Number of protein chains: 2
Amino acid sequence: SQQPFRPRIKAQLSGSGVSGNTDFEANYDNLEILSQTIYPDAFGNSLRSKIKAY
Amino acid sequence: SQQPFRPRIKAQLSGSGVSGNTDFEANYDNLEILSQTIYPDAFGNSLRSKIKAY
């Protein structure tokens, strides 16, 4: 269902987590999503033939 | 077979007529027929599309 498409990446997690008994809320890691929009493009070409006899 | 059409109406009589002993030929009435001619007319409209891809 061809539409302008939007592919997304997620960056690498690059935080220190938690050590030992510390719970996750002391260092939550941030998921980051980057995006791009790809709009379609129509293009074509045609060939016209001669008369059937030829 | 939709040809040009021609309807007709019969007009209503007027005119004095004859009185007494006067004979009919002294005032003949006119049986008047009126007609109209309706000629057909062709008319139409159109919508063109963009490329199938669009």
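In the text below, chain A, chain B and the rest are named by the order of the sequence lines, each starting its count at 1.
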* **Residues that A:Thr37 engages under side-chain hydrogen bond (donor to acceptor under 3.5 Å, both in side chains), provided they are two or more places apart** => A:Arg6

* Asked: Ignoring hydrogens and geometry, is there a side-chain-to-backbone donor-acceptor pair from A:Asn27 to A:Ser16 under 3.5 Å?
  -> yes

* Structure fact -> A:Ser14 and A:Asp29 have their tightest heavy-atom pair at N-OD2, 4.2 Å

* Taking atom CD1 of A:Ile51 as the centre, report whether more than 12 heavy atoms of other residues, nucleotides or ligands fall under 6.0 Å from it. => yes

* Are side-chain heavy atoms of A:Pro7 and A:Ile38 found at a separation under 4.5 Å? -> yes

* Asked: Rounded to the nearest 0.5 Å, what separation is found between the OG atom of A:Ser46 and the CZ atom of A:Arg48?
  -> 10.0 Å

* List the atom of A:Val18, the atom of A:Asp23, and the distance in Å for their closest heavy-atom pair. => CG1-O, 3.3 Å

* Identify, with sequence neighbours excluded, every residue that meets side-chain hydrogen bond (donor to acceptor under 3.5 Å, both in side chains) alongside B:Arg8. => none

* Asked: Tracing side-chain links under 4.5 Å among I, L, V, M, F, W and Y, which residues wind up in one group with B:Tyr39?
  -> none

* **Closest contact, heavy atoms only, A:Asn30 versus A:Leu13** => O-CD2, 3.8 Å

